[PDB]
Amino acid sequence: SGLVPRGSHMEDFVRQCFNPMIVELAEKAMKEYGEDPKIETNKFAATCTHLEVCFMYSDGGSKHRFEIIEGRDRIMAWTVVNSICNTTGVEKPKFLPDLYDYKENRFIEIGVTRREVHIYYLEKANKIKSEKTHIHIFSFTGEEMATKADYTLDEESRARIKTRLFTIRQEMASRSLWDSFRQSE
């Protein structure tokens, strides 16, 4: 119990802000990549936020529309990706995406930003390069930006995500945690 703390204000906020299972998946995703949520608390909240947005995103639309890639361990996620590619014929993406759209026949990369959605997508579009994987960026301010202006979901489903994102921002600010969270990206 030396360099590893017993608790943090951000960690306690993450646990009361997000559903317990979302917190567990974020802990597993971080520990799989050698990161401890008890110290890097800003990344802990961001992974939780990205997880919840991904699950809300898949909750929009029909029952069998989306195959959820995020939230699984790396090996299982790449296994499902291989099955989707070897079933639909879609090219294997270089980087692990977040979802697959059975309706649109494309993988989706979900992004949640604390800057303008313009820089983030411009980053993610240049990282994945492949103009076949769909990109959908959400901001804590309420904007969004998707590939070919195709926002996939209904307006109501996307507005729910933007509303939740702004609520997380307000809850952090009332705890004086937002500025360090914003400056961490």
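Residue positions are given as counts along the sequence shown, with the first one as 1. Superpose the two forms; the largest set of C-alphas matching within 1.5 Å is the rigid core.
S.K.: Between 52 to 60 and 123 to 131, which has the larger RMS C-alpha deviation from this form in 6 other deposited structures of this protein after core superposition?
M.R.: After the core superposition, the stretch with higher RMS deviation in 6 other deposited structures of this protein is 123 to 131.
S.K.: With the rigid core held as the alignment frame, decide whether 164 to 172 or 7 to 15 lies farther from the shown form in 6 other deposited structures of this protein, in terms of RMS C-alpha distance.
M.R.: Of 164 to 172 and 7 to 15, the stretch deviating more in 6 other deposited structures of this protein is 7 to 15.
S.K.: Of the two stretches 129 to 137 and 22 to 30, which shows the higher Cα B-factor on average in the entry?
M.R.: Averaging CA B-factors over each stretch, the winner is 129 to 137.
S.K.: Given the B-factors recorded for C-alpha atoms, which segment has the greater mean, 33 to 41 or 150 to 158?
M.R.: Higher mean C-alpha B-factor in the PDB entry: 33 to 41.
S.K.: Highest Cα B-factor in the deposition, which of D98, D101, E91, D73?
M.R.: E91 has the highest C-alpha B-factor of those listed.
S.K.: Once the chain's modelled residues are ordered by C-alpha B factor and cut into thirds, is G142 in the lowest, middle or highest one?
M.R.: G142: CA B-factor falls in the middle third of its chain.
S.K.: For the chain shown, is the CA B-factor of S176 in the lowest, middle or highest third of its modelled residues?
M.R.: Highest third - that is where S176 ends up once the chain's C-alpha B-factors are sorted.
S.K.: For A46, does the deposited CA B-factor place it in the lowest, middle or highest third of the chain?
M.R.: For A46, whose C-alpha B-factor we compare with every modelled residue in the chain, the answer is the lowest third.
S.K.: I119: which third of its chain by C-alpha temperature factor?
M.R.: Top third by C-alpha B-factor.
S.K.: In terms of the chain's CA B-factor thirds, is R169 lowest, middle or highest?
M.R.: Answer is middle: the recorded C-alpha B-factor places it there.
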